[PDB]
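Structure first, commentary second.
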Amino acid sequence: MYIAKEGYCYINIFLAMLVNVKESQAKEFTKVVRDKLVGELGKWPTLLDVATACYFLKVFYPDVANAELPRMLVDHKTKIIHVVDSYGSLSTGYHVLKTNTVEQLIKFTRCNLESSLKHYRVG
């Protein structure tokens, strides 16, 4: 179960993590996402701010680091990254951000180099 709402599809990154949290912790995790993170991030948050929230969750739910992420499609014209767990589009190349797991997103985003990509909006 993913969400499909304008500017809030970054929420699917967090939902993708649920497969790596214990059943005894699922309700609590979902409440952190819904009651804390969404309110702080708002609509069309930057990639950096999303990855930063992932890092926050990782320190409390360490197994989440290995969770696979939905496909992330990049529009360099609008500077927007669309989160899609779907069939028909692109698999590789200039329009697909190859951060396949939480840890990969964290690694990309924590680098000292100032990539323009960190500041694209996600949703």
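Please note that chains go A, B, ... in the order of the structure tokens, that every chain numbers its residues from 1, and that ligands are numbered from 1 in the order shown.
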
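Excluding residue A:9 itself and same-chain residues fewer than 4 positions from it, the residues having an atom within 7 Å of it are residues 3, 4, 5, 83 and 123 of chain A, counting only C-alpha atoms.
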
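When the distance limit is 8 Å and only C-alpha atoms are what count, the residues near residue A:84, minus those fewer than 6 positions from it on the same chain, are residues 9, 70, 71, 72 and 73 of chain A.
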
Exercise for the section: Excluding residue A:44 and any residue of its chain fewer than 3 positions from it, enumerate the residues within 6 Å of it, using only C-alpha atoms, and give them as a VMD selection string. Expected result: chain A and resid 7 121 to 123

Practice task
Fewer than 2 positions away in the same chain doesn't count, so skip those; otherwise give me all residues within 9 Å of residue A:45, counting only C-alpha atoms, as a VMD selection string.
Solution key: chain A and resid 7 to 8 10 41 to 43 47 to 50 119 to 123

Quick one: write out the picked residues with N, CA and C atoms as an mmCIF file, in the first residue's frame?
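Output saved as out_17.cif:
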data_model
loop_
_atom_site.group_PDB
_atom_site.id
_atom_site.type_symbol
_atom_site.label_atom_id
_atom_site.label_comp_id
_atom_site.auth_asym_id
_atom_site.auth_seq_id
_atom_site.Cartn_x
_atom_site.Cartn_y
_atom_site.Cartn_z
ATOM 1 N N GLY A 7 2.590 16.086 -4.535
ATOM 2 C CA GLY A 7 3.619 16.668 -3.679
ATOM 3 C C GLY A 7 3.982 15.888 -2.432
ATOM 4 N N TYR A 8 3.298 14.768 -2.202
ATOM 5 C CA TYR A 8 3.514 13.968 -0.997
ATOM 6 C C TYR A 8 3.968 12.533 -1.273
ATOM 7 N N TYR A 10 6.824 11.419 -1.726
ATOM 8 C CA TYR A 10 8.024 11.100 -0.955
ATOM 9 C C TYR A 10 7.683 10.200 0.241
ATOM 10 N N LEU A 41 8.223 18.009 7.091
ATOM 11 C CA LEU A 41 8.650 18.076 5.690
ATOM 12 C C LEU A 41 7.725 18.937 4.827
ATOM 13 N N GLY A 42 6.418 18.790 5.033
ATOM 14 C CA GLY A 42 5.426 19.488 4.225
ATOM 15 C C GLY A 42 5.386 18.954 2.810
ATOM 16 N N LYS A 43 5.057 19.840 1.874
ATOM 17 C CA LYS A 43 4.823 19.472 0.472
ATOM 18 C C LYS A 43 6.013 19.862 -0.415
ATOM 19 N N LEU A 47 15.173 16.724 -1.757
ATOM 20 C CA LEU A 47 15.785 15.403 -1.626
ATOM 21 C C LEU A 47 16.644 15.316 -0.359
ATOM 22 N N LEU A 48 17.448 16.344 -0.125
ATOM 23 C CA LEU A 48 18.260 16.396 1.087
ATOM 24 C C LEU A 48 17.405 16.262 2.365
ATOM 25 N N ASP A 49 16.303 16.995 2.438
ATOM 26 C CA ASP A 49 15.449 16.922 3.631
ATOM 27 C C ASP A 49 14.782 15.544 3.815
ATOM 28 N N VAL A 50 14.357 14.926 2.722
ATOM 29 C CA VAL A 50 13.862 13.540 2.759
ATOM 30 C C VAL A 50 14.934 12.555 3.254
ATOM 31 N N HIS A 119 19.032 19.450 -3.918
ATOM 32 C CA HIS A 119 18.041 20.517 -3.775
ATOM 33 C C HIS A 119 16.817 20.402 -4.688
ATOM 34 N N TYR A 120 16.757 19.361 -5.521
ATOM 35 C CA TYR A 120 15.516 19.088 -6.269
ATOM 36 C C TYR A 120 14.396 18.772 -5.286
ATOM 37 N N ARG A 121 13.173 19.134 -5.645
ATOM 38 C CA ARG A 121 12.018 18.823 -4.811
ATOM 39 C C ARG A 121 11.532 17.408 -5.100
ATOM 40 N N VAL A 122 10.957 16.757 -4.090
ATOM 41 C CA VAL A 122 10.526 15.366 -4.223
ATOM 42 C C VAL A 122 9.043 15.297 -3.907
ATOM 43 N N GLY A 123 8.298 14.500 -4.657
ATOM 44 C CA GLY A 123 6.875 14.369 -4.361
ATOM 45 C C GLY A 123 6.118 13.743 -5.490
#

Practice task
Excluding stretch 15-30 of chain A and residues on its chain fewer than 6 positions from it, collect all residues at most 7 Å away from it, counting only C-alpha atoms, and give them as a ChimeraX atom specification.
Solution key: /A:2,61,63-64,67-69

Practice task
Give the helix (DSSP H, G or I) residues of stretch 9-103 of chain A, as assigned by DSSP on the backbone, as a VMD selection string.
Solution key: chain A and resid 11 to 20 23 to 41 47 to 60 62 to 66 102 to 103

Exercise for the section: List the neighbours of residue A:116 out to 12 Å using only C-alpha atoms; skip same-chain residues closer than 6 positions along the sequence, and give me the result as a ChimeraX atom specification. Expected result: /A:46-48,76,79-80,108-109

Practice task
Pull the strand (DSSP E or B) assignments for stretch 9-99 of chain A out of DSSP run on the backbone, and list those residues as a PyMOL selection string.
Solution key: chain A and resi 46+68+71-75+80-84+96
